[PDB]
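# Starting from these lines, generate the structure:
(one chain, ligands or ions: 4)
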Amino acid sequence: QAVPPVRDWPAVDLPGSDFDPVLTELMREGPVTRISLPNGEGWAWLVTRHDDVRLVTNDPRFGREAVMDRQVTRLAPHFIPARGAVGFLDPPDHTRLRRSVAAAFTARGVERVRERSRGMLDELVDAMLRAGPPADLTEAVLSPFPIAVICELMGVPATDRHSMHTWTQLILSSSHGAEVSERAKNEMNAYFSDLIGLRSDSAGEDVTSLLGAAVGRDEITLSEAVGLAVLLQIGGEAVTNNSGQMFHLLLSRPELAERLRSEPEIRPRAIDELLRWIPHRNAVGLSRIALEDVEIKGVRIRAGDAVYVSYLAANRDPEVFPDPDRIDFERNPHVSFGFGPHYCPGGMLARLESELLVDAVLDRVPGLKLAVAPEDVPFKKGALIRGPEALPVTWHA
Ligand code: HEM
Ligand SMILES: c1ccc(-c2cnc[nH]2)cc1
Ligand SMILES: [Hg+2]
Ligand SMILES: [Hg+2]
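Numbering: from 1, shown residues only. Ligands and ions are numbered 1, 2, ... in the order given. Please see the structure below:
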């Protein structure tokens, strides 16, 4: 028990939204297990229960700053966040940086861009309807919408949306092992250095304006501000893959789609349940290092050891979610947006986007449905975040 066997967790592409069989086995073995991923060196501890995941992610004894130096076993060939980025920061610095933009990401904060976002979405959907079926829901709506929304919230001119997306793709491609010069990945860095440091020098409510003002008041450095802007910009694109899984599920189970289309009142609750259930990523992402000797469920974890949490596993904890594999719109303390200091700042924005998307796609498109069999919809390979490559759809024209 104190010395669990190391389980090898090689990279494997899973069909649609099927749950990882290896994760299912780890969940059955006990609260604390040990794993070895494709990259990095050695092994790491893993926790899967809802309460243990909340502990590891919300306790000062586990830190992110120490992860970078020790080649911890991991899925990705290379990390996305750089040294000093919020992902690799611990309080107090992490707290100081996150607070500079927190008010822009709460429910009250994201409401500011809700009307404009709904307008942009209706234009994308209407353009799709006008062109006629069949179409690729991902290329026509799910991909462009999130990019436009995060750029709007950040204060990035619409004319630069395409550039932002290309830069985001290069950075993510680099994580997959692709060879990209630092000079290539720092283009977004230079872009935000200009926007935050030279422009948006006046009063503003968008994210880059808040960052610029915080730098002006000596609360954060330009470097800290730029690093945060880059990660927020990249993060905004996650809604594309997640909403893609959401619609693949809804269209694969016409019954659920009918329920949402006919019962507007339950959409908020239903979307929250889909967010809990959808297996958003492959394996696990960034670990935390035990900063001192600690114990979890009696298991001794030595200072220096790496510990991963699986939010996907925690979302299926039988204790917290009875009959976990069942999607129940009337079920929900899920942790799809993480837990602890590092919880996703984009959670409320993702909810906003998901709600607008469900409304538009289910109410504006006459008799929407998949144009191919559920099993024939291609999903991303060798990826970190799971999602459809395309979503062929048709409707009444
Ligand atoms: C359904 C969509 C999304 C999901 C499921 C999601 C999920 C997550 C998860 C699980 C984490 C890791 C928490 C940890 O490190 O323990 C995270 C971090 C993060 N997400 Fe998201 N996210 C989504 C959308 C977004 C969006 C739209 C943005 C941009 C506003 C964003 C920005 C970030 C940032 C900056 C972090 C790093 C936070 C930190 O380490 O302090 N996310 N997200
Ligand atoms: C890899 C791992 C996590 C993410 C992410 C977190 N929040 C939004 N995107 C993006 C790429
Ligand atoms: Hg963008
Ligand atoms: Hg994620």
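
# At which residues are the strands of this protein located?
Remark: strands assigned in the chain by DSSP state E are 6-8, 32-36, 44-47, 62-63, 135-136, 288-290, 294-296, 299-301, 306-309, 369-370, 392-394.

# Quick check: the residue of the stretch 101-250 of the chain nearest ligand 1.
Nearest residue of the stretch 101-250 of the chain to ligand 1, counting by Cβ to the nearest ligand atom: residue 235, 2.6 Å away. Any C-beta I mention is one placed from the backbone N, CA and C, and that applies to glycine too.

# show me what contacts the nearest residue in space to residue 389 that is not next to it in sequence?
The shortest distance from residue 389 to any residue other than its chain neighbours is 4.2 Å, reached at residue 378 (Cβ to Cβ, 6 or more residues apart in numbering). In this structure, residue 378 makes contact with 388-390, judged by Cβ atoms under 8 Å, 6 or more residues apart in numbering.

# thinking again about what came up before, burial check on the residue of the stretch 101-250 of the chain closest to ligand 1, number of neighbours?
When counting by other Cβ atoms under 10 Å, one arrives at 18 neighbours for residue 235.

# Near the residue nearest to it when sequence neighbours are not counted, how many other residues are there?
The shortest distance from residue 235 to any non-neighbouring residue, by Cβ to Cβ, 6+ apart, is to residue 346 (5.3 Å). With neighbours defined by other Cβ under 10 Å, the count for residue 346 comes to 22.

# how far away is residue 346 from residue 291?
Per Cβ to Cβ, to the nearest Å, residue 346 is found 27 Å from residue 291.

# So which residue is smack in the middle of the chain?
Computing the C-alpha centroid of the chain and ranking residues by Cα atoms, centre = their mean puts residue 238 first, at 4.9 Å.

# tally of neighbours for residue 69?
9.

# can you give me the end-to-end distance of stretch 132-150?
28 Å (Cα to Cα, to the nearest Å).

# wait, does it make contact with ligand 2?
No: counting by Cβ under 6 Å from any ligand atom, ligand 2 is not contacted by stretch 132-150; separation bottoms out at 10.1 Å.

# Now find how far off-centre that stretch is within its chain.
18 Å (Cα atoms, centre = their mean, to the nearest Å).

# Ok, stretch 188-196 next?
With Cα atoms, centre = their mean, you get 23 Å for stretch 188-196.

# how about that stretch: buried residues?
188-189, 191-193, 195-196 (16 or more other Cβ atoms under 10 Å).

# For the residue nearest to residue 235, give its distance to ligand 3.
For residue 346, the distance to ligand 3 equals 12 Å [Cβ to the ion, to the nearest Å].

# Residue 300 too?
Relative to ligand 3, and taking Cβ to the ion, residue 300 is found at 45 Å.

# which stretch among the strands of the chain comes nearest residue 210?
Each of the strands of the chain was scored for nearness to residue 210 using Cβ to Cβ, and the closest is strand 62-63 (26.8 Å).

# who does that closest one pair up with?
strand 288-290 (antiparallel) (DSSP bridges).

# Is the partner strand positioned near ligand 1?
No: residues of strand 288-290 contacting ligand 1 under Cβ under 6 Å from any ligand atom: none, with a closest distance of 8.3 Å.

# residues in contact with residue 149?
Taking Cβ under 8 Å, 6+ apart as the test, what residue 149 contacts is 113, 117, 120, 236, 239, 349, 353.

# ok, now which ones touch the second one?
Residue 117 makes contact with 145, 148-149, 152, 352-353, 356, according to Cβ under 8 Å, 6+ apart.

# What's the separation between the residue nearest to residue 13 when sequence neighbours are not counted and residue 388?
Closest residue to residue 13 apart from its sequence neighbours, by Cβ to Cβ, 6+ apart: residue 381 at 4.7 Å. Distance of residue 381 to residue 388, computed by Cβ to Cβ: 12 Å.

# Check residue 10 too.
Residue 10 is 23 Å from residue 388, by Cβ to Cβ.

# Look up how far residue 102 lies from the residue nearest to residue 13.
36 Å.

# can you tell if stretch 384-397 touches ligand 1?
No: using Cβ under 6 Å from any ligand atom, stretch 384-397 never reaches ligand 1; the gap is at least 8.3 Å.

# mind listing what's buried in that stretch?
384-388, 390-395.

# could those go into JSON lines alongside distance to residue 332?
Converted to JSON lines, the buried residues of stretch 384-397 look like this (distance: Cβ to Cβ, whole Å):
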{"residue": "384", "distance to residue 332": "25"}
{"residue": "385", "distance to residue 332": "22"}
{"residue": "386", "distance to residue 332": "21"}
{"residue": "387", "distance to residue 332": "22"}
{"residue": "388", "distance to residue 332": "25"}
{"residue": "390", "distance to residue 332": "31"}
{"residue": "391", "distance to residue 332": "26"}
{"residue": "392", "distance to residue 332": "32"}
{"residue": "393", "distance to residue 332": "29"}
{"residue": "394", "distance to residue 332": "33"}
{"residue": "395", "distance to residue 332": "31"}
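
# which one of those residues sits closest to ligand 1?
For these, the nearest to ligand 1 is residue 385 (8.3 Å; Cβ to the nearest ligand atom).

# Hmm, that closest one is touching residue 278, no?
No: applying Cβ atoms under 8 Å, one finds residue 385 not in contact with residue 278, separated by 11.0 Å.

# Common neighbours of those two, please.
By Cβ under 8 Å, 6+ apart, the residues touching both residue 385 and residue 278 are residue 242.

# how close does the spatially closest residue to residue 344 that is not a sequence neighbour sit to residue 357?
Of all residues not flanking residue 344 in the chain, residue 337 sits nearest, at 4.0 Å (Cβ to Cβ, 6+ apart). Separation of residue 337 from residue 357 (Cβ to Cβ) stands at 17 Å.

# is it true that residue 292 touches residue 304?
No: with contact defined as Cβ under 8 Å, residue 292 and residue 304 do not form a contacting pair (9.5 Å).

# and the nearest residue to residue 109 once chain neighbours are set aside, how many residues sit next to it?
Closest residue to residue 109 apart from its sequence neighbours, by Cβ to Cβ, 6+ apart: residue 103 at 5.4 Å. By the criterion of other Cβ under 10 Å, residue 103 has 11 neighbours.
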